[PDB]
Structures are given as C-alpha cells and as structure tokens.
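Beneath this line is the structure, given in structure tokens, with notes to follow.
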Amino acid sequence: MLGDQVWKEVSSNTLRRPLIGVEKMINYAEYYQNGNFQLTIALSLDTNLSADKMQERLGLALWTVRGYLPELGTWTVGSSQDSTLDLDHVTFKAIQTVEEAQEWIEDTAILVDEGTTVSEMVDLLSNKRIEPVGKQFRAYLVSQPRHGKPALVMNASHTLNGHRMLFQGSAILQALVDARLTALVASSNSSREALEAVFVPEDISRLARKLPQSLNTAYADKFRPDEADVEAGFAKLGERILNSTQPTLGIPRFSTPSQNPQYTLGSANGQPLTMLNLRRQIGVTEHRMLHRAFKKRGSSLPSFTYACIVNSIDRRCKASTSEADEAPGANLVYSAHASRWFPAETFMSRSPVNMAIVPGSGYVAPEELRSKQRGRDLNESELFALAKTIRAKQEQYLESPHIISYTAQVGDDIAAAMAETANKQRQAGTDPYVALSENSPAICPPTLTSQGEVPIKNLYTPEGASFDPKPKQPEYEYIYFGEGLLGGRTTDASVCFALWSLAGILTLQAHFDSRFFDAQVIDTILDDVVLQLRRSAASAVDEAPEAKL
Ligand SMILES: [Cl-]
Numbered sequence: 001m002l003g004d005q006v007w008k009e010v011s012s013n014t015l016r017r018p019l020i021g022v023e024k025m026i027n028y029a030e031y032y033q034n035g036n037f038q039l040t041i042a043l044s045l046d047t048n049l050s051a052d053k054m055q056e057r058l059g060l061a062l063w064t065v066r067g068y069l070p071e072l073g074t075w076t077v078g079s080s081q082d083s084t085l086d087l088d089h090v091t092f093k094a095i096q097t098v099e100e101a102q103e104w105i106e107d108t109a110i111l112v113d114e115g116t117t118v119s120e121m122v123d124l125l126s127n128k129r130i131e132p133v134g135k136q137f138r139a140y141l142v143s144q145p146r147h148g149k150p151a152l153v154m155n156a157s158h159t160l161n162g163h164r165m166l167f168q169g170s171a172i173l174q175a176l177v178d179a180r181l182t183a184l185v186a187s188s189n190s191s192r193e194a195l196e197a198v199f200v201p202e203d204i205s206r207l208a209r210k211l212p213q214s215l216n217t218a219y220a221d222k223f224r225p226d227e228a229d230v231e232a233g234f235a236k237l238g239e240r241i242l243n244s245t246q247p248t249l250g251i252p253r254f255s256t257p258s259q260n261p262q263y264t265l266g267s268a269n270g271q272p273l274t275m276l277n278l279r280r281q282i283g284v285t286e287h288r289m290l291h292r293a294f295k296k297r298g299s300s301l302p303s304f305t306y307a308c309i310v311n312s313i314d315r316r317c318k319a320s321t322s323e324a325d326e327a328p329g330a331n332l333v334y335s336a337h338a339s340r341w342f343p344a345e346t347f348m349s350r351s352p353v354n355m356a357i358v359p360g361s362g363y364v365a366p367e368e369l370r371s372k373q374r375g376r377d378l379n380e381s382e383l384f385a386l387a388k389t390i391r392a393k394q395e396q397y398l399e400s401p402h403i404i405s406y407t408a409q410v411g412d413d414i415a416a417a418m419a420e421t422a423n424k425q426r427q428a429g430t431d432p433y434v435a436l437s438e439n440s441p442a443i444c445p446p447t448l449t450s451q452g453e454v455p456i457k458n459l460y461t462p463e464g465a466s467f468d469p470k471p472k473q474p475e476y477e478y479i480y481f482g483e484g485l486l487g488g489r490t491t492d493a494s495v496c497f498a499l500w501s502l503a504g505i506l507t508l509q510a511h512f513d514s515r516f517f518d519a520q521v522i523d524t525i526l527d528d529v530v531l532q533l534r535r536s537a538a539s540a541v542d543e544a545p546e547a548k549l
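Heads up: the sequence shown at position 85 corresponds to 85 in the authors' numbering, and the numbers run straight through without jumps.
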C-alpha cells in the first residue's frame, strides 16, 4: 500500500507523489544540466501502410495507449503556492474534456515535416532538452523521409523512463494497425470526431494504480528491510565513495571547453550540434558468434566488452589521476537494472517501476589491469582475466538489493548540491559550458552501461503483435521493425559507453559533448574495442569451432 498511498489527490483531478532516489537526482540533472540523461529512441519501420494512413492514425493511437499507460501524461517540474520552483514531485492531470485530450494529443503525437530523416531527428532531439521542462514523453512519426526508412521516434525524460520506452513504442505500433482503431478512423470525419465518440473522462481513482512508482517504494514494499539490510546498503555506499577517490585511468577532458567544436552533427538555431552518439553496429549473425565465443571462454559479452573499453582507454589515453611512478587502477562506473532482484511483475501494469537503474561501482586494482609481462598491451588471455575480474566485482557489488537503502539519501544529497552549485554559478555569471564541465573530473573513468536484449515484439498486424521474421509476403496491413537507434544525452563533461541489443543487432556506442572531449580519441577507442572483440572471438572460435553455430 506504500505505492498507492504515495500518489495523493492534490487537486480535483490531479495526483501527485514525491520523487525518491535516483529518479530525483535525474530530475534535478535534467533541469539544471540542460536535459542531461534524456533519451531518444528510434524504431525503424518496414510497413505497407501509406504515410497518409499513419498520419491519420497517430494521434488516436497515442490517445488509446495513454488509456492504459497514463505514465505518458506525467509531469515533473512545477511550483508550490509560494511561487517556488518544484523539482521534487511528479504530477498527473486526469484529462476531463475532449478539447483537453486533443490538446495533449497534438502536443505529444508529432507528424514530422516531409523530408527530414530518422537520423536527423535523433540528432536534433538528442541535442536539446525536452520542452516545456517537465514534459515526460513525446512521439514523433517520421513518415516521409527523403531517404531511409520511416520510424517512430520517441523522446523522453529519464526521470520515469528507460527500458520502458521500448514497450511504450511497441504499444503505439500495435495501436497503429489495431483493427478497432482503423474502423474508427474509417467511420469518422476527423480525428476530433473519432475522439468525441470514444472519449471517456479520466478517473484518478482507477488510474493511480497504473502510474509509475519509485524503485525505492517498490523496494520498501517488497523487501521490508530491517537494520541489517540497511547496514548492507550503507556498505555498498561506502564502496562507491571510496572507489570514486582511488587512482584511476580514464579519458581526459579538455581543461576548458572548446569554442569551435570540430566534430558536429550540423547546425540548428545557428548553433553547432555537439552532442554526439558514435555508434558501432554488429549484425545478428556476428552478434551470436561473439556471444557464444565469450561464453566458451567462461566470460560474457558485456564483461569482455568492459575489459576491452578499460584496456583501450588505458592504451590510447595513458591518462590517470595518479603519479607517473604509480600505475593506477580503474574506477568502474556502470548502471544495474533492478530486475536482477525484483520479479517481472514489478515492471508490468500495476504501480510499475519505470526507471529501474541503480548506480553500480567497482575498482580494478593496478595489478589486475596491467600485465607484468606486457604492461598495458594485454594479450587475449589477460583480457579474459580482466573481464572475469570486472564481472566478479560487479556481481559482488550487486549481490543484494539493499543498495537501494541509501539511494534516497544519495539522491537528496546530489540534488541539493546541484541546485546550490547552479545558483552559485548563475550568480557568478559562469559560462554555461564551463559550468557543465568545471565540476567534472579532469579524468573521466571507464563508464559502461550494458543492456540485455529486451524482448519486444517485432511484427504488428490487425490481429495483434507477434514475434516473426521480416515479412516476405505481407497478408494484411503490417508494421515491422528490424533496427533501433539510440541517442543518449550527456551534457556534463563525461563519456558514457552503452552496449545494447535490439532485434538481435548489437550496438556499442559512446555519447558525450564534443565541446569537452576529442571525438577522434573516442572514435579510436570504439574501433579498438570492436577490433579486440573480433580478434578475441576468432581465437575463441578457432579453439572451439562449434561456437559458430
Ligand atoms: Cl530503466
């Protein structure tokens, strides 16, 4: 009941709950750091729907999805009665009229102008903060690109989202070909007339049970921690604090931000697009081979990838926080998903946890990341040993959910310090990019978040959603997606590596602002990692050729 009681009726048709934990930290970063962490995901579509059909169905599709996913209509920036800005709560307004519903549809289901490509949309959206501040989700239909395939492009705040956006997208794609929606559009003069037929005023009593809750309240409710549980979480907090001070290798940022960034995605508003997502994609067949080859070594694709990132940063940058006479270690900065401790029902329809990230920490000792024989030039055996070390340290850091016992306190501390720092920087007239970088470490530690394939249905027909191969022989209206694109947003002076899979396609990418890092160096590290993955896999498969099947 802690989950229900937390959303309180605060006005006639408005629910409100406090933000708690990582979600509160994220909300403050999005406000004070120009949309830091915000997510853009494109689902690239093959479809025999005309652009015209998709355009006339999109708004009603989004409205239909909102009916069972009211999470799409939440809001996280408001005020109190005393004027003051409020970053500490999430609110939900239950829509009571057709006009209000139509307003929300037209603000949230965007038809992109003829010509703009999916890649251009991902670049544009990942290079700015969502507006108005507080808005949590927007869907863009790119139905008439001048080249490339059409796509559903979603832009979301990270405060209440993550993995969940793929399911939100899947629901929208299902609605676009739903037989009942198609009949509605066919029988109505307009979207507004259709809406007028099927509109039901939203009921805060029923919808409260479907709105997202903090991981922290789901944790309290499911695990009911006692004092020993709290003690175990406090120990994992001490670990993260100490690891953040130990000598570490990493990628050095510019001492001062670049005023003429030389790597951009073009220019919009007259200003360069400097938030970059450098990507390496691995196809379905090669992905399977990599996955099996590293299992044959007793390793895993995510941990071996981390080892290669750590080693390639070491070799390419030769940058550390320690002295020259002292080999550094590696501070591991990574995220973990709470599904490792919570059942799948935690992430479904009843009070779902829609942002389930817990910060992870670990420290590779100097003797574990360098070889006595080869120094930084680790051979394949040594990289597998480093992978196993990294994996073991993550497994011990994450062995228990009681980490969550301190994320509310850490979230409060980071949020308060961010607001106080931002107010001080404003009063001092600090340049905005200097302000986003001066508090960042001169050396960015190796930062990799790894995501297993999320099983999202790939085929949508009037009979529903299914898992199937790309249509060779369409029998009805259908939508199929065979590839995704991620645009992460990192506005502070850090480099974030992301490893993820969608539709069997493996993507390794780095996102960062080129005002703060040499993009050529990051590009070289990504190339090094892919080369090491392929060479180590080929050697593993040479010893065990069965791993090719
Ligand atoms: Cl998540």
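The beta-carbon is built from N, C-alpha and C at its ideal position, and this holds for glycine as well.
Any alpha helix (DSSP H) of 4 or more consecutive residues that is wholly inside the region 402-430
If we require 4 residues or more, the alpha helix (DSSP H) runs fully inside the region 402-430 come out as 407-427.
Enumerated in chain order, which unbroken segments of the alpha helix (DSSP H) with a length of 4 residues or greater are wholly contained in the region 171-254?
As far as the region 171-254 is concerned, its whole alpha helix (DSSP H) runs of at least 4 residues are 179-187, 191-198, 204-207, 215-223 and 227-243.
In chain order, what residues of the same chain have a beta carbon less than 7 Å from the beta carbon of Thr-116, not counting five sequence neighbours either side?
These residues qualify, in order along the chain: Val-142 and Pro-145.
What is the residue span of the beta strand (DSSP E) that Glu-106 lies within?
First-last for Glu-106: 98-108, but that is the alpha helix (DSSP H), not the beta strand (DSSP E).
Considering only residues of the region 35-107, which uninterrupted alpha helix (DSSP H) runs meet the minimum length of 4 residues and lie entirely inside it, listed in chain order?
The region 35-107 contains, as complete alpha helix (DSSP H) runs of 4+ residues, the segments 51-68 (chain order).
Quick check: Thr-305 and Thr-248, are their CB atoms within less than 8 Å of each other?
Cβ distance not < 8 Å, so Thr-305 and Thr-248 don't count as in contact.
So does the region 479-487 actually touch the region 39-50, counting three or more Cβ pairs closer than 8 Å?
Taking a cut-off of 8 Å on C-beta distances, the region 479-487 touches the region 39-50, as three or more cross pairs fall below it.
With 16 as the cutoff for other CB atoms within 10 Å, does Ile-241 come out buried or exposed?
Counting Cβ neighbours within 10 Å, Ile-241 comes out exposed, since fewer than 16 surround it.
Same chain, Cβ closer than 6 Å to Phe-137, neighbours up to 5 away in sequence not counted:
Here the set comprises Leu-72 and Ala-156.
Continuous beta strand (DSSP E) stretch holding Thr-490: start and end
Here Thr-490 belongs to no beta strand (DSSP E), and DSSP marks it neither H nor E.
Beta-bridge pairing of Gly-298 - partner residues as DSSP gives them
According to the DSSP secondary-structure assignment, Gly-298 is paired through a beta bridge with no residue.
Which residues does DSSP list as the beta-bridge partners of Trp-500?
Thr-507, per the DSSP bridge assignment.
Under the three-state reduction of DSSP, which class applies to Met-154: helix, strand or coil?
DSSP places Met-154 in strand when its eight states are reduced to three.
Kindly identify the DSSP beta-bridge partner or partners of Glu-120.
According to DSSP, which records beta bridges pairwise, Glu-120 is partnered with nothing at all.
Residues bridged to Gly-375 (per DSSP)
In DSSP, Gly-375 forms a bridge with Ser-371.
According to the neighbour-count rule (16 or more other Cβ atoms, all chains shown, within 10 Å of its Cβ), is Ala-519 buried or exposed?
Flag for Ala-519 reads buried.
Quick check: what's the CA-CA separation for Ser-300 versus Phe-294?
Straight across, the Cα-Cα distance linking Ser-300 with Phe-294 is about 5 Å.
Less than 7 Å between the CB of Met-355 and some heavy atom of ligand 1, yes or no?
Set against 7 Å, the gap from the CB of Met-355 to the closest heavy atom of ligand 1 is smaller.
Provide the residue span of the beta strand (DSSP E) that contains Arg-535, from first to last.
Here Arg-535 belongs to no beta strand (DSSP E); instead the alpha helix (DSSP H) covers 519-543.
Does DSSP classify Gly-134 as helix, strand or coil?
DSSP, reduced to helix, strand and coil, places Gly-134 outside both helices and strands of the structure shown, so it counts as coil.
So the alpha helix (DSSP H) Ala-29 belongs to, where does it begin and stop?
Per DSSP, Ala-29 belongs to the alpha helix (DSSP H) from 22-32.
Which full runs of the alpha helix (DSSP H) of 4+ residues lie inside the region 314-360, going along the chain?
DSSP runs (the alpha helix (DSSP H)) wholly in the region 314-360: none.
List the DSSP bridge partners of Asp-4.
Residue pairing by DSSP leaves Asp-4 without any beta bridge partner.
Any heavy atom of ligand 2 within a distance shorter than 7 Å of the CB on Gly-411?
As far as ligands go, the structure on display features ligand 1 and does not contain ligand 2.
If you draw a straight line from the alpha carbon of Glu-114 to that of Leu-166, how long is it in whole angstroms?
Computed Cα separation, rounded: 25 Å.
Assuming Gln-394 is part of the alpha helix (DSSP H), what are its boundary residues?
Note, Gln-394: alpha helix (DSSP H), 380-397.
CB of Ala-94 within 8 Å of CB of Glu-202, strictly:
Here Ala-94 is near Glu-202, since their CB atoms are less than 8 Å apart.
Report the residue from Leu-531, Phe-467 and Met-54 whose alpha carbon sits nearest the alpha carbon of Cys-308.
Check the Cα spacing between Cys-308 and each of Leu-531, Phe-467 and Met-54: the tightest is with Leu-531.
Span separating the alpha-carbon of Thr-14 from that of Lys-393:
Here the alpha carbon of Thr-14 sits roughly 44 Å from the alpha carbon of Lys-393.
Pairing CB atoms from the region 507-524 with CB atoms from the region 277-290, are three or more of them under 8 Å?
When C-beta atoms of the region 507-524 are compared with those of the region 277-290, three or more pairs fall below 8 Å, so the two segments count as touching.
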